[PDB]
Amino acid sequence: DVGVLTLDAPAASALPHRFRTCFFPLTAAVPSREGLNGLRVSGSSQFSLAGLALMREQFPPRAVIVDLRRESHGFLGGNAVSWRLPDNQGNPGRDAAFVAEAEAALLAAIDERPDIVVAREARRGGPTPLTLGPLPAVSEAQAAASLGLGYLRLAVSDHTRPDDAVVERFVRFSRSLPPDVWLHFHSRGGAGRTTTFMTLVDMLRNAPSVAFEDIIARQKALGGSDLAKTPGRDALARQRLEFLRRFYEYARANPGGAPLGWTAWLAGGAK
Amino acid sequence: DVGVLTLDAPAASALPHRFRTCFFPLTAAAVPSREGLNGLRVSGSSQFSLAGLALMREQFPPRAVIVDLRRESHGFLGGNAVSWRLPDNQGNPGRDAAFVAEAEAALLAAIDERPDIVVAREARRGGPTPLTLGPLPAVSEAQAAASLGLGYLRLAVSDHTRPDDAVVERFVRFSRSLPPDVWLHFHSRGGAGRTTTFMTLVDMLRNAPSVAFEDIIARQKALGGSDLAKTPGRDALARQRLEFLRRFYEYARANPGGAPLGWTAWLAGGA
Amino acid sequence: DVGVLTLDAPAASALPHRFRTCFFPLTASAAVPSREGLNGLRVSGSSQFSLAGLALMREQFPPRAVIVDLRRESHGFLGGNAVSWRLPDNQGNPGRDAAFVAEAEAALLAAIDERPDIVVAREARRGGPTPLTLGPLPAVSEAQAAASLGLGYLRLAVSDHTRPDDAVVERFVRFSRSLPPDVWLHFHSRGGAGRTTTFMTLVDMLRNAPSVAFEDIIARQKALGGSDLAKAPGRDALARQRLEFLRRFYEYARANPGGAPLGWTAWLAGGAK
Amino acid sequence: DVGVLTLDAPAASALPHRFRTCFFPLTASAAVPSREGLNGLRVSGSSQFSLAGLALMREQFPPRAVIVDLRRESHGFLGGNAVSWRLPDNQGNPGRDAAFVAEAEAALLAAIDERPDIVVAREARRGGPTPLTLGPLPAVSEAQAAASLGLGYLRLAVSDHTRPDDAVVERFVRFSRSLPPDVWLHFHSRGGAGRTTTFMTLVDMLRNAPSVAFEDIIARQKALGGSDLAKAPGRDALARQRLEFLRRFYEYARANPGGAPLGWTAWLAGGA
Ligand SMILES: O=P(O)(O)O[C@H]1[C@H](OP(=O)(O)O)[C@@H](OP(=O)(O)O)[C@H](OP(=O)(O)O)[C@@H](OP(=O)(O)O)[C@H]1OP(=O)(O)O
Ligand SMILES: O=P(O)(O)O[C@H]1[C@H](OP(=O)(O)O)[C@@H](OP(=O)(O)O)[C@H](OP(=O)(O)O)[C@@H](OP(=O)(O)O)[C@H]1OP(=O)(O)O
Ligand SMILES: O=P(O)(O)O[C@H]1[C@H](OP(=O)(O)O)[C@@H](OP(=O)(O)O)[C@H](OP(=O)(O)O)[C@@H](OP(=O)(O)O)[C@H]1OP(=O)(O)O
Ligand SMILES: O=P(O)(O)O[C@H]1[C@H](OP(=O)(O)O)[C@@H](OP(=O)(O)O)[C@H](OP(=O)(O)O)[C@@H](OP(=O)(O)O)[C@H]1OP(=O)(O)O
């Protein structure tokens with residue numbers, strides 16, 4: 001069971017939903033803004049190919065698309081499509097290396113073939129399905145490269161916090177970035193997963209100087225979701241908020257991911 | 001048998017060997033035609049260290065892409081570029097980039113942050129005594145490129161060998177999808193056969209209708225590449241490669257820039 | 001009379017007031033105007049920035065970005081502080097083009113470069129009314145400030161509270177036509193309102209006038225964070241002259257998409273169609 | 001006397017003569033000079049370019065690149081053609097700074113903008129001796145040409161065949177110190193030889209003087225494609241004056257790496 005091939009964003013869509021950068025205005029009470037503008041971070045929902053090209057017009061030099069979707073996905077023509085299991089829990093427990101190979105085979109099987117049936121939710125032009133093809137099927141990694149943009153894949157399950165291995169890899173990644181690299185995160189809807197990692201970036205820089213509640217509140221006011229909003233989905237949201245509180249303390253004791261990493265800090269009892 | 005872990009370039013290495021751009025001077029033989037060469041938006045080199053990549057980035061234009069042509073599994077252990085070398089460097093034989101990416105990911109994971117990792121060294125790279133390294137971070141080149149805000153494309157080409165038809169097909173489609181501002185930097189292990197082959201393909205896709213086959217081959221050598229016209233096992237592969245380049249030249253003359261027909265579609269029209 | 005040396009933005013200021021890009025959200029006043037063609041304009045605007053503010057904006061500027069300075073008045077930077085020479089109604093270098101202004105302000109900046117006891121006036125809104133005494137500090141033009149960051153720079157002398165002269169409109173239309181598809185324009189004036197919003201509107205019209213109503217372009221440039229160009233008799237006369245100009249330029253842009261085939265002066269010479 | 005309007009580069013010209021970056025190979029004359037610190041200078045140079053030539057060079061320019069125009073003589077573009085106003089020995093705007101030059105050349109360009117029958121002289125090396133008759137064509141400064149491509153622009157008025165004035169050196173050192181680590185400088189003059197190589201050398205010294213010998217820096221800037229700053233009594237005196245200045249700047253850069261803690265003129269005050 002590889003899931004139902006489903007539409008994420010039609011080829012005709014432009015700027016993806018929930019697009020925002022750390023320079024956007026805050027929509028309210030209003031939390032502290034200290035250290036927000038300088039984070040070199042933005043986020044959005046899943047984009048079409050045209051939407052990516054549009055965003056690139058305002059991307060700075062040396063920008064990176066950080067794909068947070070553990071589920072297999074890609075592009076059929078300009079259409080962003082994905083393979084949806086129940087609760088969108090594709091490739092459960094799999095890392096980005098496994099996911100990349102699995103979704104590559106799925107995309108290869110629909111490349112330049114007619115009569116590809118793509119399901120559509122009501123919010124995305126449904127409920128009637130969309131029949132497409134023959135069209136080129138490509139991964140988002142290649143889509144990003146075709147525009148001269150960096151690409152990093154981190155497998156995060158929908159509605160779920162990132163695994164400890166994903167957090168460790170991202171913190172190490174963040175430390176390695178030259179000062180001029182810009183990160184654009186995205187998930188499917190640009191809400192939970194996207195807002196979580198924009199928050200991690202915010203904490204890695206500002207946790208020593210900005211309150212936990214202000215970071216969570218301002219990432220919402222920027223256009224993200226409310227990570228402080230917390231049975232199945234509620235429990236995952238509670239688990240996520242607990243992780244964010246624990247990561248906040250980590251970032252306070254290890255500004256910018258140093259001197260200790262995430263897993264090393266946990267192994268030492270979070271001293 | 002996954003091969004011997006071998007050094008490609010030590011962390012201390014700077015600009016990789018055989019680095020050149022389409023703007024470099026031509027070193028003569030008679031000097032070939034230069035029509036259409038400067039405007040190709042292409043460069044090439046041998047395998048680089050992390051420091052070497054960062055140095056090259058200082059002179060990369062906006063929206064630059066690292067095109068990794070190595071079918072063999074490789075990556076970075078610290079700043080050191082390392083690879084798993086089978087006999088004749090024929091790792092992952094017959095495998096595509098999706099298979100290679102996952103296979104090398106596991107290999108890199110097995111040496112990540114571990115002490116006493118023995119890295120073989122050829123005489124030309126400081127050998128025959130090996131290097132004992134660790135604990136050091138092991139990362140794929142995909143992540144190394146992303147950490148600098150650079151694009152990354154992986155195409156699995158066997159050392160000493162032409163690219164498979166499927167690889168050619170994928171690259172021509174990739175080439176057609178590039179906006180006019182995207183820059184491609186190819187590299188292999190030595191920056192000779194495979195690197196020069198693909199710089200030649202880019203040259204032909206733009207200039208085959210107006211520049212002679214022999215001038216393209218000769219000027220890619222004069223830029224700092226290898227001589228693809230120089231052609232028992234290796235000699236047969238070199239002949240196969242040269243014959244392929246002659247066919248692609250014919251394709252590119254009849255289909256400027258890879259249109260209207262693709263590579264495999266064009267092949268179907270043969271006698 | 002060269003005017004009073006006045007503070008535009010203190011060195012400690014970060015993101016300049018009224019900063020917005022064509023990707024920013026629209027705040028309605030009235031229904032939200034049409035968004036067709038807005039995101040793709042490759043344009044942003046702001047008020048006068050400090051040096052630190054320019055470096056901050058650069059973090060989000062795309063490659064090949066241009067700082068378009070619309071200030072006819074002489075101005076520059078003393079250290080990180082943005083300063084200018086303000087005549088009554090801020091009408092410095094009246095009727096002068098960018099070439100004249102550049103040389104004039106260059107000498108003014110030279111006279112305060114690395115010298116102590118430079119008295120800079122401050123309006124209440126910019127930390128006043130008490131003055132600011134600075135120095136010794138480096139005095140540089142904005143042209144050099146932009147170059148020091150690898151940013152393009154274009155100077156167009158537009159008077160405060162006033163439309164751009166025909167010669168300025170012609171020069172900008174030609175400039176616009178010459179831009180490769182990847183060049184980004186960031187306009188700024190002193191307050192990032194009238195003059196900045198006028199030129200963001202010109203950019204908007206040059207692309208969208210054939211497909212978007214005049215009122216929608218004016219309203220959405222306001223909703224982006226600019227001023228209301230459709231909103232003190234002498235001041236009102238200039239605003240009326242400006243709106244009349246924008247209506248005439250709209251017709252120009254409808255007949256000559258993107259500034260072609262005819263330029264602004266040629267279109268006017270032909271009797272507007 | 002504002003000089004003869006002369007062609008620098010025709011519109012059809014592509015990559016300018018003597019184009020090179022600090023990543024280019026070194027051509028030996030003598031042993032190959034030291035390469036330490038050369039690749040990381042973020043610097044390039046060339047002769048005067050046409051508009052098409054600038055667009056071509058931009059294809060390989062990194063982000064945040066700056067065109068540094070070292071020409072004290074008035075010049076600009078008539079269409080795609082690079083043109084200039086040449087006085088005897090190309091000594092236009094003698095003793096004038098960039099602020100004066102920019103306004104003077106702006107008026108000269110305005111006087112030929114969109115006018116027919118503009119006569120542009122041509123030297124033998126540039127298709128002469130017969131002149132070009134052009135127009136109507138748009139006349140723009142190089143400042144605007146760079147801006148139209150999203151490239152930075154800095155003007156430093158240096159006389160042909162001559163070292164930079166102390167005030168120009170002071171301004172450039174201050175400019176260099178103010179650059180973020182990602183800014184790239186592309187110098188150019190008319191021929192990309194004396195003046196261009198001089199400032200590529202100044203950049204080299206500001207970074208590497210403490211660790212690289214004076215003779216290696218001079219020799220490698222030539223081997224990169226520049227001219228020989230160590231190589232007509234009047235011209236010889238200027239070249240000797242220029243080499244002496246380069247020796248003093250080398251000592252300044254050794255004692256003040258990167259232009260700090262002392263500036264150029266402040267350092268000169270400490271002499272005997
Ligand atoms: O893509 P959308 O139609 O906008 O749906 C989103 C998306 O969920 P899906 O992937 O199932 O579509 C969000 O998740 P991410 O892809 O950004 O990670 C999710 O966020 P949470 O998992 O945190 O709940 C969000 O839910 P919410 O609105 O509660 O933030 C939900 O939107 P809807 O609930 O409106 O469907
Ligand atoms: O990396 P190097 O030590 O510089 O060796 C290179 C490299 O071969 P290896 O990968 O085995 O090292 C070249 O291949 P690419 O990685 O660039 O594809 C190969 O080129 P060919 O495939 O055309 O043989 C070239 O050989 P040649 O000199 O014939 O160009 C060979 O150099 P050596 O013969 O000195 O080992
Ligand atoms: O700089 P500010 O303190 O923010 O004041 C601005 C600024 O006026 P000044 O240049 O005199 O400071 C605007 O002008 P620009 O520099 O952007 O061209 C002007 O716009 P107008 O010239 O069109 O009147 C605007 O006025 P408004 O908000 O009506 O657009 C006015 O703001 P205040 O009226 O609040 O002083
Ligand atoms: O443009 P070119 O025809 O190539 O001439 C150049 C140019 O002189 P002109 O400005 O008169 O043309 C050089 O000066 P720059 O513009 O680069 O500053 C000059 O260098 P010097 O000022 O050091 O004399 C150089 O002379 P040389 O090559 O001897 O260094 C000379 O080239 P030619 O000597 O071949 O005429």
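Every chain is numbered from 1, with letters handed out A, B, ... down the list of sequences.
Considering only residues two or more places apart in sequence or on other chains, D:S141 meets the side chain to side chain contact (heavy atoms under 4.5 Å, CB included) condition with D:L109, D:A143, D:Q144. A search for side chain to side chain contact (heavy atoms under 4.5 Å, CB included) contacts involving D:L108 returns D:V2, D:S74, D:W85, not counting sequence neighbours. Applying the salt bridge (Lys or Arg N to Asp or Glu O under 4.0 Å) rule to D:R122 yields no partners; only residues at least two apart in sequence or on another chain are considered. Every ring-ring contact (aromatic ring centres under 6.0 Å, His included) that D:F49 has, sequence neighbours left out, goes to D:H188. Under the ring-ring contact (aromatic ring centres under 6.0 Å, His included) criterion, D:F24 pairs with B:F24, D:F19, sequence neighbours left out. Among residues two or more places apart in sequence or in another chain, the side-chain hydrogen bond (donor to acceptor under 3.5 Å, both in side chains) test is passed with D:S227 by D:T197. Not counting sequence neighbours, the partners of C:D97 by the side chain to side chain contact (heavy atoms under 4.5 Å, CB included) test are C:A99, C:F100. Partners of B:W183 according to the ring-ring contact (aromatic ring centres under 6.0 Å, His included) rule, which considers only residues two or more places apart in sequence or in another chain, do not exist here. Scored by the side chain to side chain contact (heavy atoms under 4.5 Å, CB included) test, C:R58 finds C:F61, C:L149, C:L151, D:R64, D:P180, D:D182, D:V183 as partners (sequence neighbours excluded).
Listed by first and then second residue, the salt bridge (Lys or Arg N to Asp or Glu O under 4.0 Å) pairs that reach into residues 40-51 of chain C come to none, sequence neighbours excluded. Pairs passing the salt bridge (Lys or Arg N to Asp or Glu O under 4.0 Å) check and including a residue from residues 111-120 of chain D, sequence neighbours excluded, read C:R174-D:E114. Listed by first then second residue, pairs satisfying salt bridge (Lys or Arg N to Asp or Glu O under 4.0 Å) with a partner in residues 186-196 of chain D read D:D8-D:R190, D:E73-D:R195, D:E123-D:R190, D:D160-D:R195, not counting sequence neighbours.
C:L54 has its side chain out of reach of C:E142: every pair of non-hydrogen atoms, C-beta onward, lies at least 4.5 Å apart.
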Candidate pair D:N81 and D:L134, rule side-chain contact (heavy atoms from CB on, under 4.5 Å), full reasoning | CA-CA 10 Å; D:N81 304 278; D:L134 302 169; 3.7 Å; yes
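Across all non-hydrogen atoms, the minimal contact from D:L56 to D:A14 is CD2-CB, 4.1 Å.
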